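I have placed the structure first, in the form of structure tokens, so that the comments after it can refer back to it.
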Amino acid sequence: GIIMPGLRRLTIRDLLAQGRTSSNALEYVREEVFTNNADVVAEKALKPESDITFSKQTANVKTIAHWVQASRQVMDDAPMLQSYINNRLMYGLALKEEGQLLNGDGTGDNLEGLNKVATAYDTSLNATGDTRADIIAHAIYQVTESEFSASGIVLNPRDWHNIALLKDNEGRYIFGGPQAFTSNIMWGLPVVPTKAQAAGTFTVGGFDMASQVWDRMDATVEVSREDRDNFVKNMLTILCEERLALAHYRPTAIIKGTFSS
Amino acid sequence: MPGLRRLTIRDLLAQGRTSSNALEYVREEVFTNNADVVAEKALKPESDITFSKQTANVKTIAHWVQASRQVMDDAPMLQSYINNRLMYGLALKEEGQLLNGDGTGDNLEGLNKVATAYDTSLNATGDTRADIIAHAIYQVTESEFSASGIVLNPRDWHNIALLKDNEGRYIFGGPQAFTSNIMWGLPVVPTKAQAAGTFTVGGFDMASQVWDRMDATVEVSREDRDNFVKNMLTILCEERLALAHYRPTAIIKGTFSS
Amino acid sequence: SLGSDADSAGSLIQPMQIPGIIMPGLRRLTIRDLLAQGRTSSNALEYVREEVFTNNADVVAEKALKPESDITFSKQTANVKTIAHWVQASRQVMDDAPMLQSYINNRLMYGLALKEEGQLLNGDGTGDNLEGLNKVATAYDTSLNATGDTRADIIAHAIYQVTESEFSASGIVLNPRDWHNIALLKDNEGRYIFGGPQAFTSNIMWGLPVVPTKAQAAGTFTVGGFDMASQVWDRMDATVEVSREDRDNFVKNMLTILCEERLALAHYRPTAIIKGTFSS
Amino acid sequence: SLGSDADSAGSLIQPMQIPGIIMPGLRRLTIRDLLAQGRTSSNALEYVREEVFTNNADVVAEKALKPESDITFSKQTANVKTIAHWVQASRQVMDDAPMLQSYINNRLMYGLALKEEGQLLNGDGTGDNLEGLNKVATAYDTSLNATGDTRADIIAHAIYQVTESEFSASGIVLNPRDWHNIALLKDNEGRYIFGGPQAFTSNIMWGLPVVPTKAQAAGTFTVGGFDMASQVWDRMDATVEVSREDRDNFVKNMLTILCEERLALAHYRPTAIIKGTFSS
Amino acid sequence: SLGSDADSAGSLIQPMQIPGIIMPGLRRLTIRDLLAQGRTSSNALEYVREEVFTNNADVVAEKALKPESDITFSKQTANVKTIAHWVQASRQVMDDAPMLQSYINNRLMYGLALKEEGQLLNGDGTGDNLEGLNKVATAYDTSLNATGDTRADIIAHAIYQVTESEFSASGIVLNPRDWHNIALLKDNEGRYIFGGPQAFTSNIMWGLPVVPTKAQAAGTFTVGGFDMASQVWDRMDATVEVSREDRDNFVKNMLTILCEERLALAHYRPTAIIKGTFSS
Amino acid sequence: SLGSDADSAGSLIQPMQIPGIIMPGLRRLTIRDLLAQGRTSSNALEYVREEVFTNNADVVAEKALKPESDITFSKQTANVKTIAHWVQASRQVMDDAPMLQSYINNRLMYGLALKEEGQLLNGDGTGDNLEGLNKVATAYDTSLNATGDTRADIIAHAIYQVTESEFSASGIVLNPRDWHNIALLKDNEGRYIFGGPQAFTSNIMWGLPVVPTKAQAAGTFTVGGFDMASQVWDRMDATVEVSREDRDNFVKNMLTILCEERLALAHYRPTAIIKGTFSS
Amino acid sequence: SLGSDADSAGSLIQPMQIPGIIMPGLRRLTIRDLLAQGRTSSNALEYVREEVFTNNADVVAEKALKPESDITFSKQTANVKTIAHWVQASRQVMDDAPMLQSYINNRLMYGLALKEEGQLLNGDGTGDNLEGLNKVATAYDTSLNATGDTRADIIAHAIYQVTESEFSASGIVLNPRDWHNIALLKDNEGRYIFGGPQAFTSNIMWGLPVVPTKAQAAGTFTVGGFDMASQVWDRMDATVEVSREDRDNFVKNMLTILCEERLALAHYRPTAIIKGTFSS
């Protein structure tokens with residue numbers, strides 16, 4: 001009966017379609033333009049021709065990891081401790097796992113993160129005298145234009161906090177009062193608060209189907225004694241690596257913006 | 001996986017396995033033979049002999065390559081490929097020593113180093129490159145040992161077989177049958193190791209012997225130094241040899257002054 | 001008056017028929033038989049060829065650092081190309097000539113497999129022409145040429161240039177005419193090198209099979225270890241399909257015969273293929 | 001004086017008669033035995049070969065239109081021509097020379113069978129005359145000629161030109177005189193290429209049977225796969241008939257001897273037959 | 001001093017007699033046995049050869065009038081000539097040497113046969129002299145002579161010229177001295193053509209038997225199918241008779257030994273024989 | 001750092017021993033087996049050879065004085081010389097290394113037999129050196145040298161000079177080098193006389209066996225009828241004796257090894273032996 | 001010390017005697033065996049040979065005069081000659097050396113038979129000297145020599161000239177030195193005509209056995225049909241008689257050993273023998 005020493009919210013990784021691969025890099029097809037010309041046709045008449053543009057895209061596999069040097073003795077003395085450290089690095093890694101999935105520079109090392117792919121928020125949607133929550137509501141609607149049902153919201157914890165505590169001109173909580181509160185949800189959608197999301201920034205889309213995460217090697221932990229001089233110093237190097245790749249089937253289905261102030 | 005040519009050097013030489021640091025044999029050095037006609041009731045000539053213990057050490061040849069741990073998993077059979085490729089790359093440099101070993105320190109006593117110099121006065125006016133090799137074979141006789149083989153740079157040997165009389169006909173083989181590597185009833189091994197313009201001839205079949213201490217192997221480590229922390233994989237390919245040189249007089253090295 | 005012609009009884013006589021059509025010159029298909037063949041399913045092929053082998057394995061002293069050798073690789077791609085042609089014939093003709101169809105097929109597969117050979121030998125890479133042998137092929141070493149060399153002297157030189165990559169030369173490809181002018185070589189004295197007037201010589205040179213094909217343009221020659229150097233990838237075997245519903249064929253009482261095939265040429269070691277030009 | 005002179009006693013002595021006539025040189029009949037033979041029962045022949053094969057087959061881009069190819073066929077006809085000749089002779093001479101009748105025939109079957117070759121080799125093709133080999137035969141490619149070649153080289157070139165149609169050459173035909181000078185060729189040293197003075201060489205060049213006949217004009221030569229390239233079709237075998245009632249004959253005490261033959265030469269593949277001229 | 005000199009006892013010694021006269025070398029008579037032989041009993045011979053054959057055999061159009069051929073015949077004759085000679089000898093000698101007459105026979109019978117070949121070869125033809133082979137023989141075709149030919153090249157050419165008659169040659173006749181210098185031919189390298197010094201050298205050239213006879217004048221030569229080209233007809237065999245009553249012999253105590261023979265040379269095919277002269 | 005050098009673990013590792021000793025190149029002894037080998041038991045040899053045969057045999061005139069001939073003789077002597085050498089070693093070495101004892105014998109017998117062969121060929125003839133072949137040998141005749149002759153010709157010339165003694169040649173003695181240079185003779189074209197690069201030639205010349213020995217000085221050669229020309233007489237065969245008492249060998253713990261042989265070379269016919277030089 | 005020096009103890013050792021004498025080169029006799037042999041009983045020979053045969057046999061016209069022929073004969077003489085020589089010896093020597101007498105016989109019979117051969121070939125013919133082959137021999141013809149001829153060519157010519165006699169050649173006689181220098185003939189390329197250096201050339205040329213004898217002077221050569229051109233008549237065989245009472249031999253204790261022979265050389269046909277000189 002081992003007990004987990006971390007958090008219990010929703011991971012961006014959960015909001016995505018997970019899959020396993022074996023290839024070094026993945027090549028797929030991103031649907032571009034869909035010129036739909038379907039119409040009514042009389043008998044003995046010619047029919048409409050629709051068109052579908054396509055673009056060949058490639059998602060490279062990147063690797064994330066870290067290690068720790070420990071005293072060989074200490075480890076053999078406290079068996080339970082080692083198991084703990086292992087189950088700790090998995091979390092410590094999963095945090096920076098999101099960091100990439102969110103703001104992937106798309107460079108030689110970084111991945112092509114969501115924020116880099118997402119369509120910018122439409123400003124003309126903003127009304128008069130409407131809060132921050134209103135903006136997100138507009139974003140959810142802006143997703144519909146991609147012909148995809150929005151599912152998921154990513155905000156900086158500090159921001160998401162103040163948002164949940166919005167009041168009107170009288171003092172009433174915009175959200176469900178303390179009494180009837182449930183969990184991290186909004187507009188009937190899952191909310192993922194992460195320090196990865198920069199303050200003032202936000203992301204919304206139908207992640208559950210827009211983009212999918214491809215796993216090459218599941219996050220694991222390996223240990224070595226003969227690593228370098230670990231042997232002559234009586235050390236134990238613990239490794240925690242994981243290699244994956246992120247694909248993007250629809251950039252339109254994702255949106256990111258900024259809270260004006 | 002590249003294919004090899006017809007068996008080389010190693011085959012020309014005597015092969016034998018060992019299990020020691022080095023080899024020690026005894027060769028006769030100077031036989032001061034003063035045997036002569038003797039006048040009656042006079043003092044007879046005094047002859048003498050000199051011996052020496054020559055030692056041939058066991059050297060080690062190897063090289064390694066470190067590849068990305070991921071690269072290996074993304075392509076399984078690659079492993080098997082590099083292995084069969086390092087064995088080759090090594091076995092090539094192996095001959096390199098056997099031919100041009102410096103003998104100094106680490107380097108082995110290569111044939112060309114130990115080999116007795118070629119005689120220039122043997123070259124006559126207007127001789128083919130083949131006439132020279134013919135001369136060499138004779139010089140080998142000055143040791144009382146039959147010539148065993150010839151070693152030439154592939155290109156040189158190539159231009160040799162393509163010789164022709166002042167008529168136009170080919171000497172070795174008329175432009176049909178594959179010209180077999182044979183000169184004056186002697187096997188000819190063309191190796192890149194032998195630099196162009198240079199050549200070697202001798203009674204290899206019993207002039208020198210190659211002693212294998214350890215056969216060529218391929219070992220792979222995952223924890224070598226950084227490796228594990230750099231997600232690297234080290235492939236190793238080593239071999240332990242020992243080259244002996246019984247008769248140095250039965251080996252000639254020269255240069256085509258063409 | 002009663003001759004054998006139009007004006008008279010000639011109409012009464014029936015010219016004897018010679019059952020069986022006369023199939024013309026059938027060039028012997030080669031080249032493809034010289035390469036490795038294998039079926040595929042994808043429209044493209046990603047392979048790799050050893051580019052540079054920086055081997056520097058030396059002797060190592062005891063307790064010393066060993067040499068680090070390195071290997072360079074070049075990721076290559078072989079795209080699948082399509083070759084074909086069609087024929088539009090009258091539906092009547094087909095019904096009035098039984099075995100005709102069976103003929104046309106065998107007669108198209110030929111015309112098709114012909115351009116196939118023409119591609120493999122002289123590709124291009126650009127457009128749709130596959131990266132043919134000659135295109136990829138490493139150039140000949142002019143330095144090898146000496147003085148007073150024959151044409152056969154050169155091929156001998158070329159064969160050595162193949163050994164550079166380390167691979168036995170599998171065959172030689174020459175234009176029939178050049179090959180011909182070779183078999184008829186005479187020494188500075190007058191007699192023939194190969195067969196003499198007594199008899200013709202077999203298609204063998206320097207112990208290697210000689211492949212003379214109209215495919216190889218005159219003045220050019222190719223040598224290498226084809227059976228290893230490059231492999232052909234068969235996506236779709238050469239097949240013949242026929243449709244009467246095609247275009248307006250149904251309303252015109254017509255048939256459209258199609259003969260197609262999908263290939264893809266992959267090159268493993270260009271270093272093992274030499275191409276050159278006979279100096280006239 | 002009683003000499004053997006006419007004006008003395010020569011009258012009494014009668015010269016001895018030598019039985020038998022001195023038939024001139026009998027040329028060896030070839031060609032016919034060379035070509036394929038078969039008999040018919042009609043006045044002409046009809047066969048069909050492929051003429052134009054427009055093969056526009058090629059590589060095709062994606063979504064593109066394919067190359068259209070077309071084929072052409074033609075009905076080639078070979079008519080049955082007739083050859084003959086007659087000889088009028090006095091009935092007196094016929095009765096006073098028994099063995100003669102049976103003789104004339106032998107000298108006619110030959111005379112006719114001789115002009116048979118005359119056609120088969122140089123058939124004018126003009127209306128009545130048969131379309132002989134030379135008229136049909138594809139001309140020799142002058143380009144094949146190299147610099148400083150013997151006559152033997154030329155023939156070697158010829159044979160190759162046959163291969164340029166995918167057909168194995170059968171035999172060679174040259175005027176004896178030309179063939180002679182060839183057999184007597186010698187290298188720059190002085191030795192004979194074919195047969196050393198001790199004995200004459202056999203009739204074989206480049207592994208092919210050589211047929212020397214006065215039928216072939218000097219400076220001209222023919223090569224090809226005769227054994228199959230063309231076929232002689234017999235309608236009526238050579239026959240000899242005699243009539244004493246033939247028109248005027250009877251009243252003038254004459255005898256008319258006739259001899260005829262019905263043939264038809266077919267030329268299936270002309271691409272496999274070459275004819276050229278030596279550079280005198 | 002009793003020696004064996006003329007003026008001493010030498011008179012007592014009688015030299016030893018060696019039985020048998022030393023007869024000179026006898027030329028191997030060939031020509032005679034080379035041709036066809038057969039005897040007669042008349043004065044001359046008459047045979048007949050097809051003079052001129054007018055071969056008009058040709059392709060005939062239907063309903064047309066056929067070509068007419070004609071033949072000519074000529075009667076050629078061959079006379080019987082007489083060869084002989086006599087030796088007038090004293091009756092004294094004849095009786096004092098019994099075996100002499102017996103000897104003279106084997107010396108006259110031969111002596112005649114020697115002059116027999118003489119006519120047979122270089123028969124003047126004019127008057128009584130038989131029309132020998134050379135006179136009848138067809139002249140050599142100077143046109144055949146090419147540049148850089150040897151003496152052997154010519155004889156080879158000659159043999160071909162015989163084929164123009166349509167008859168294969170069977171023999172060659174040259175003056176031994178000329179033939180000799182032929183067997184000793186060398187290539188531009190010095191080596192012998194017929195046989196290296198060690199070896200002999202059979203009397204065979206170009207597959208034909210060579211016949212060297214001092215009868216054939218130097219510089220001249222002859223080739224043909226002799227055994228079928230001509231026949232020698234013997235009227236009366238060689239005979240030897242002796243008369244003492246001849247002329248004034250009875251009163252001079254003498255004899256006259258005669259030796260006569262009657263021949264008749266028939267030349268059937270003058271076309272199958274060729275005479276020439278080494279232009280050098 | 002635990003190394004394998006003397007400083008660390010070098011001691012622990014025992015180098016692998018190689019059984020036996022490496023004897024230098026043993027020159028193949030010839031000459032001795034080239035002559036007649038007979039037994040003896042005296043200090044010297046005596047025989048007699050006809051020196052001068054003044055043959056004046058001639059034609060005689062009747063009753064006259066006949067010619068007077070005369071003969072001359074001489075006694076030739078052949079002394080018995082002695083060859084030997086010794087080596088003294090520590091009795092300790094001998095007892096410690098068994099093999100050495102028997103080894104030295106095989107090295108002294110040969111070491112002697114060599115200087116023996118060296119004597120037989122170039123025996124100074126002075127003092128104790130026996131009169132060797134080359135000294136006794138008759139000088140080559142320069143007159144035989146013709147312009148443009150190869151070294152192989154000169155040898156052939158020598159053989160003839162041997163025949164001048166009515167005795168046939170037995171063998172040829174050449175310095176390995178000179179012989180080698182000969183085997184590599186080329187004709188004016190470029191080919192080899194014996195050679196033919198594919199295979200090396202045997203040691204035979206003009207039917208005579210060739211003997212290349214380093215004993216023969218460079219530029220010098222010998223030819224004759226050795227087997228019947230000269231004879232080697234053995235008084236005492238090669239033997240090896242040892243003694244611990246040879247002089248102070250006792251009080252020094254030494255061991256003296258001796259090896260001697262007694263010979264006598266007889267030269268019967270010097271006229272059948274030749275020696276000369278080449279152009280240097 | 002006690003050495004083997006003459007002035008010490010060597011006087012006690014007796015040199016081993018080699019039994020027998022070393023007889024010089026016994027030159028092989030030839031000539032005599034070539035010619036036919038038969039004994040006589042007289043002192044001279046008489047035989048006759050047909051000298052001039054005037055053969056006028058020709059063709060005779062009818063009832064005309066015949067040709068008169070004529071023959072001539074001449075008596076040929078062949079005188080017998082004697083050859084001998086004696087050697088005076090001491091009575092003492094003869095008794096002190098047993099086998100010596102026997103030796104002399106075998107050394108005299110030879111010495112004589114040697115000058116016998118010398119006569120037969122180079123017989124002066126003048127006075128007592130026999131008329132040897134060379135004197136009789138019909139002079140070699142000069143015109144037979146053509147431009148660019150070897151020495152072997154000349155001998156080939158000689159053989160032919162012998163044929164003009166109508167007789168086969170039996171052998172060839174040359175001075176060994178000339179023959180030898182001939183076997184070493186090289187073509188314009190440097191190859192040996194007879195036998196390549198490897199092989200041994202046989203004593204045969206132009207199919208005829210060659211006989212090299214010192215008897216034949218250098219530069220001279222003889223060819224013919226010796227086996228029946230000349231016969232040697234033995235009157236008295238070679239014998240050896242010895243007397244003590246000869247002259248003063250008895251009072252000086254001497255023995256005169258004699259060796260004589262009586263021969264007679266006959267030359268039947270000189271026309272079958274040729275002698276000449278090499279133009280060197």
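How things are named: the first chain in the structure tokens is A, the next is B, and so on; residues count from 1 in each chain; ligands count from 1 in the order shown.
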- Please determine the contact residues of chain F with respect to chain G at a cut-off of 7 Å, counting only C-alpha atoms, and supply them as a VMD selection string. chain F and resid 42 to 50 55 to 61 66 to 70 160 165 to 167 187 to 189 194 204 to 207
For the residues selected in the previous step, produce a file with N, CA, C and O atoms as a tab-separated table (two decimals), in the first residue's frame.
```tsv
chain	number	residue	atom	x	y	z
F	42	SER	N	95.78	-44.49	-50.17
F	42	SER	CA	97.16	-44.06	-50.29
F	42	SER	C	97.34	-42.55	-50.12
F	42	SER	O	96.37	-41.81	-49.94
F	43	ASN	N	98.60	-42.11	-50.19
F	43	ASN	CA	98.95	-40.71	-50.04
F	43	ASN	C	98.76	-39.89	-51.31
F	43	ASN	O	98.60	-38.67	-51.25
F	44	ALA	N	98.80	-40.55	-52.47
F	44	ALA	CA	98.63	-39.86	-53.75
F	44	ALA	C	98.24	-40.83	-54.86
F	44	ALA	O	98.15	-42.04	-54.64
F	45	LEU	N	98.04	-40.29	-56.06
F	45	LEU	CA	97.65	-41.11	-57.20
F	45	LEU	C	98.50	-40.91	-58.45
F	45	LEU	O	98.94	-39.80	-58.75
F	46	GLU	N	98.69	-42.00	-59.18
F	46	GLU	CA	99.47	-41.98	-60.41
F	46	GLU	C	98.78	-42.73	-61.54
F	46	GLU	O	98.23	-43.81	-61.34
F	47	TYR	N	98.80	-42.12	-62.72
F	47	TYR	CA	98.21	-42.70	-63.92
F	47	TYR	C	98.99	-42.20	-65.13
F	47	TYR	O	99.88	-41.36	-64.99
F	48	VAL	N	98.66	-42.72	-66.31
F	48	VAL	CA	99.36	-42.31	-67.52
F	48	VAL	C	98.42	-41.97	-68.67
F	48	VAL	O	97.48	-42.71	-68.96
F	49	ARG	N	98.68	-40.84	-69.32
F	49	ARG	CA	97.87	-40.40	-70.44
F	49	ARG	C	98.73	-40.10	-71.66
F	49	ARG	O	99.80	-39.49	-71.55
F	50	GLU	N	98.27	-40.56	-72.82
F	50	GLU	CA	98.97	-40.34	-74.08
F	50	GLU	C	99.09	-38.84	-74.32
F	50	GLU	O	98.09	-38.15	-74.53
F	55	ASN	N	100.95	-38.75	-85.48
F	55	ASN	CA	100.43	-39.60	-86.54
F	55	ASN	C	100.86	-39.10	-87.92
F	55	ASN	O	100.45	-38.03	-88.36
F	56	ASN	N	101.71	-39.88	-88.58
F	56	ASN	CA	102.20	-39.53	-89.90
F	56	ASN	C	101.73	-40.50	-90.98
F	56	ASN	O	102.32	-40.56	-92.06
F	57	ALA	N	100.66	-41.23	-90.69
F	57	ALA	CA	100.09	-42.19	-91.64
F	57	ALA	C	99.79	-41.43	-92.92
F	57	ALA	O	99.22	-40.34	-92.89
F	58	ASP	N	100.18	-42.00	-94.06
F	58	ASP	CA	99.96	-41.34	-95.33
F	58	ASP	C	99.89	-42.33	-96.48
F	58	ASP	O	99.96	-43.55	-96.27
F	59	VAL	N	99.72	-41.81	-97.69
F	59	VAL	CA	99.66	-42.63	-98.89
F	59	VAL	C	101.09	-43.02	-99.24
F	59	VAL	O	102.00	-42.19	-99.14
F	60	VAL	N	101.28	-44.27	-99.64
F	60	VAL	CA	102.61	-44.76	-99.98
F	60	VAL	C	102.78	-45.02	-101.47
F	60	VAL	O	101.92	-45.61	-102.12
F	61	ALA	N	103.91	-44.56	-102.01
F	61	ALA	CA	104.23	-44.78	-103.41
F	61	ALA	C	104.82	-46.18	-103.49
F	61	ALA	O	105.44	-46.65	-102.54
F	66	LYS	N	108.18	-46.20	-96.24
F	66	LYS	CA	106.94	-45.92	-95.52
F	66	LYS	C	107.16	-44.82	-94.47
F	66	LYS	O	108.29	-44.52	-94.10
F	67	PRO	N	106.07	-44.17	-94.02
F	67	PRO	CA	106.13	-43.10	-93.02
F	67	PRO	C	106.31	-43.62	-91.59
F	67	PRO	O	105.78	-44.66	-91.23
F	68	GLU	N	107.04	-42.85	-90.78
F	68	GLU	CA	107.27	-43.23	-89.39
F	68	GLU	C	106.47	-42.36	-88.42
F	68	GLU	O	106.59	-41.13	-88.43
F	69	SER	N	105.66	-43.01	-87.59
F	69	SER	CA	104.86	-42.31	-86.59
F	69	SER	C	105.52	-42.53	-85.23
F	69	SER	O	106.43	-43.34	-85.10
F	70	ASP	N	105.06	-41.79	-84.22
F	70	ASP	CA	105.62	-41.92	-82.88
F	70	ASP	C	104.60	-41.51	-81.81
F	70	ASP	O	103.69	-40.73	-82.08
F	160	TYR	N	79.96	-26.85	-77.84
F	160	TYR	CA	80.61	-27.28	-79.07
F	160	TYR	C	82.10	-27.50	-78.81
F	160	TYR	O	82.67	-28.50	-79.23
F	165	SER	N	86.79	-32.60	-78.05
F	165	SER	CA	87.53	-33.65	-77.35
F	165	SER	C	86.84	-34.98	-77.62
F	165	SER	O	87.21	-36.01	-77.04
F	166	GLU	N	85.84	-34.96	-78.50
F	166	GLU	CA	85.06	-36.13	-78.88
F	166	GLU	C	84.21	-36.63	-77.71
F	166	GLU	O	83.55	-37.67	-77.81
F	167	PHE	N	84.21	-35.87	-76.62
F	167	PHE	CA	83.44	-36.20	-75.44
F	167	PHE	C	82.22	-35.30	-75.32
F	167	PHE	O	82.29	-34.10	-75.58
F	187	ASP	N	62.50	-12.04	-76.82
F	187	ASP	CA	62.67	-11.97	-78.27
F	187	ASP	C	62.42	-10.51	-78.62
F	187	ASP	O	61.88	-9.75	-77.81
F	188	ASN	N	62.81	-10.10	-79.82
F	188	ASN	CA	62.63	-8.71	-80.24
F	188	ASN	C	61.20	-8.17	-80.09
F	188	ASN	O	61.01	-6.95	-80.03
F	189	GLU	N	60.22	-9.06	-80.01
F	189	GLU	CA	58.83	-8.64	-79.86
F	189	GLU	C	58.47	-8.28	-78.42
F	189	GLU	O	57.72	-7.34	-78.18
F	194	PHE	N	61.99	-18.83	-72.39
F	194	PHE	CA	61.58	-19.95	-71.55
F	194	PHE	C	60.39	-19.46	-70.73
F	194	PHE	O	59.37	-20.14	-70.61
F	204	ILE	N	67.04	-26.34	-67.15
F	204	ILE	CA	67.53	-27.19	-68.23
F	204	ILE	C	67.93	-26.31	-69.41
F	204	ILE	O	67.32	-25.27	-69.65
F	205	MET	N	68.94	-26.74	-70.16
F	205	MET	CA	69.41	-25.97	-71.30
F	205	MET	C	70.10	-26.86	-72.33
F	205	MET	O	71.08	-27.55	-72.01
F	206	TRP	N	69.60	-26.82	-73.56
F	206	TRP	CA	70.15	-27.61	-74.66
F	206	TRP	C	70.21	-29.09	-74.28
F	206	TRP	O	71.17	-29.79	-74.61
F	207	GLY	N	69.18	-29.55	-73.56
F	207	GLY	CA	69.13	-30.93	-73.12
F	207	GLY	C	70.04	-31.24	-71.95
F	207	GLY	O	69.98	-32.34	-71.39
```
DSSP on the backbone, then: every residue of stretch 143-274 of chain C marked strand (DSSP E), written as a tab-separated table (two decimals) with C-alpha atoms, in the first residue's frame.
```tsv
chain	number	residue	atom	x	y	z
C	171	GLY	CA	28.71	-7.42	-65.64
C	172	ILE	CA	29.51	-4.95	-68.41
C	173	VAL	CA	26.96	-2.93	-70.38
C	174	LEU	CA	27.81	-1.65	-73.86
C	204	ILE	CA	32.47	-12.70	-72.39
C	205	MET	CA	35.26	-10.25	-71.55
C	208	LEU	CA	32.82	-11.16	-67.02
C	209	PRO	CA	29.47	-11.43	-68.86
C	210	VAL	CA	28.98	-8.72	-71.49
C	211	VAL	CA	25.48	-7.29	-71.86
C	212	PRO	CA	24.95	-5.47	-75.19
C	220	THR	CA	28.84	4.97	-73.12
C	221	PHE	CA	29.74	2.01	-70.90
C	222	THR	CA	28.66	0.82	-67.46
C	223	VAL	CA	30.39	-1.59	-65.07
C	224	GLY	CA	29.67	-2.68	-61.50
C	230	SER	CA	21.08	-1.72	-56.58
C	231	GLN	CA	17.72	-3.39	-56.01
C	232	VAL	CA	14.48	-2.86	-57.94
C	233	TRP	CA	11.28	-2.45	-55.94
C	234	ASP	CA	8.07	-3.80	-57.43
C	236	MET	CA	2.67	-3.24	-58.75
C	237	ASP	CA	3.56	-6.04	-61.17
C	238	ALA	CA	3.04	-5.27	-64.87
C	239	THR	CA	-0.66	-5.93	-65.52
C	240	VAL	CA	-3.18	-5.34	-68.32
C	241	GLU	CA	-6.75	-4.19	-67.65
C	242	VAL	CA	-9.50	-3.44	-70.19
C	243	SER	CA	-12.67	-1.35	-69.92
C	254	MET	CA	-14.94	0.71	-78.37
C	255	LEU	CA	-12.49	-0.91	-75.96
C	256	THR	CA	-9.62	0.66	-74.04
C	257	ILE	CA	-6.72	-1.61	-73.16
C	258	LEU	CA	-4.31	-0.52	-70.44
C	259	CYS	CA	-0.85	-1.85	-69.58
C	260	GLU	CA	0.81	-0.39	-66.48
C	261	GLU	CA	3.37	-1.11	-63.76
C	262	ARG	CA	4.71	0.70	-60.70
C	263	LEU	CA	8.46	0.62	-60.06
C	265	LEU	CA	14.77	2.05	-58.03
C	266	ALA	CA	16.90	2.01	-54.88
C	267	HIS	CA	20.67	2.53	-54.94
C	273	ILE	CA	28.92	1.53	-60.52
C	274	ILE	CA	31.18	3.12	-63.12
```
- Message: Only residues of chain A matter here; which ones have an atom within 10 Å of chain B, counting only C-alpha atoms? Give them as a ChimeraX atom specification.
- Response: /A:22-25,63,65-67,216-217,222-230,237-239,241,243
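Fitting chain C onto chain G across all of their Cα atoms brings the RMSD down to 1.3 Å.
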- Task: Check stretch 41-206 of chain A with DSSP on the backbone and list each residue it calls alpha helix (DSSP H), as a PyMOL selection string.
- Result: chain A and resi 72-77+79-103+114-117+132-144+157-164
- Could you pull the residues within 10 Å of stretch 110-114 of chain A, counting only C-alpha atoms, minus those fewer than 5 positions along the same chain, as a PyMOL selection string? chain A and resi 59-64+98-105+119+203-205+207+211+244-248+251+254-256
- Tell me, as a list in words, which residues lie within 7 Å of stretch 12-24 of chain B, counting only C-alpha atoms; anything in the same chain fewer than 6 positions away does not count. residues 53, 54, 55, 56, 57, 58, 149, 204, 205, 206, 208, 209, 210, 211, 212 and 213 of chain B; 13, 14, 15, 16, 17 and 18 of chain F
